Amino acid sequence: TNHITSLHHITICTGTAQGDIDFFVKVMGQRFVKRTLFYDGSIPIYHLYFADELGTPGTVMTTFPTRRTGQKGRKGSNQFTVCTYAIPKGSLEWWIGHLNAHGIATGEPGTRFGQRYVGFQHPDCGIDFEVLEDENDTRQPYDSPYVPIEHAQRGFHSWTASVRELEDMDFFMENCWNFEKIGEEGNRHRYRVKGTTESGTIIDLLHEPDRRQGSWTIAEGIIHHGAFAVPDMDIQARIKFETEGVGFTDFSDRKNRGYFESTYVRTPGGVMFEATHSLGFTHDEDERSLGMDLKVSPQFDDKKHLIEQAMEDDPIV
């Protein structure tokens, strides 16, 4: 195949680094697979990665703990609003259990397209999550402590985008982005990668024309963008060219973000999309010891003291 294939990673702005470890590792049972430090013009900021065992597309979660900038983002309508993990069928109560046990309030369990889910928030920034019973998801769960292999989530089921302009967003998914509407209930419209069988291939659009646009900038409490897996850099370039061709001339240059190749476009629904080529997480760290070594970026050669600043104010354990 030669177009975007599935979801790849999602990227959110959170509070403290320890907040995320406590949540993504100790609560969700994901492996801490990479940690990096970059300089954002003012202060050092972590870029943390969380996935299954080896950072496979459709399970990767990336975070910028951004409590140390004053910026607090506004939940709103032109952004991703909810990230949804797939858990095995029958596992909801255990999750409600091992979530409440951790002090994380959960909400009214529901059904969405026939499958059960419950919502809850990242304790340290407010971002919205769900666990959803997918009997059709056969992906290998990562075996951590914290969560037994019987009940482990096995990657992302779907992401939910709030959008004010639905018609033109639908056009973009079908014509530029290799998705097709596969369902609709209420104001929720569900799109799936054309052809696919794998899980982690679902984007739900919430039509909310009424609602004020959310924050687009890097600020605490927000999902900054969603990324989609593309087989290689050629398909990437082609998607960029044809998408520019129809008018989205804001398709970015290809950026190396460490462990993947990224191009960014602002869709007519107001949501940043990424077309991503995968680089792996092992090329600079031992498989057995992922997430232990802090990869600090070359901008710190002149200001090493800031590394020490990040380690104590945003401590990682």
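Numbers for residues come from their place in the sequence shown, where the first is 1.
Quick one: higher average CA temperature factor, 16-24 or 296-304? According to the PDB entry, the answer is 296-304.
Tell me which stretch has the larger mean Cα B-factor in this entry, 58-66 or 284-292. On average, C-alpha B-factors are higher across 284-292.
Given 227, 235, 223, 161, the residue at which the Cα B factor reaches its maximum: Result of the comparison over 227, 235, 223, 161: 235.
Say you rank 273, 39, 32, 251 by Cα B-factor from the PDB entry; which sits at the top? Highest C-alpha B-factor among the listed options: 39.
Within-chain third of residue 265 by Cα B-factor, per the entry: Answer is lowest: the recorded C-alpha B-factor places it there.
Going by the entry, which third of its chain does the Cα temperature factor of residue 208 land in? Residue 208: CA B-factor falls in the middle third of its chain.
Sorting the chain's CA B-factors, does residue 142 end up in the lowest, middle or highest third? For residue 142, the deposited C-alpha B-factor lands in the highest third.
Compared with the other modelled residues in the chain, in which third is the CA B-factor of residue 135? Its C-alpha B-factor, which the entry lists for residue 135, ranks in the highest third among residues of this chain.
Within-chain third of residue 73 by Cα B-factor, per the entry: Middle third, going by the recorded CA B-factors of the chain.
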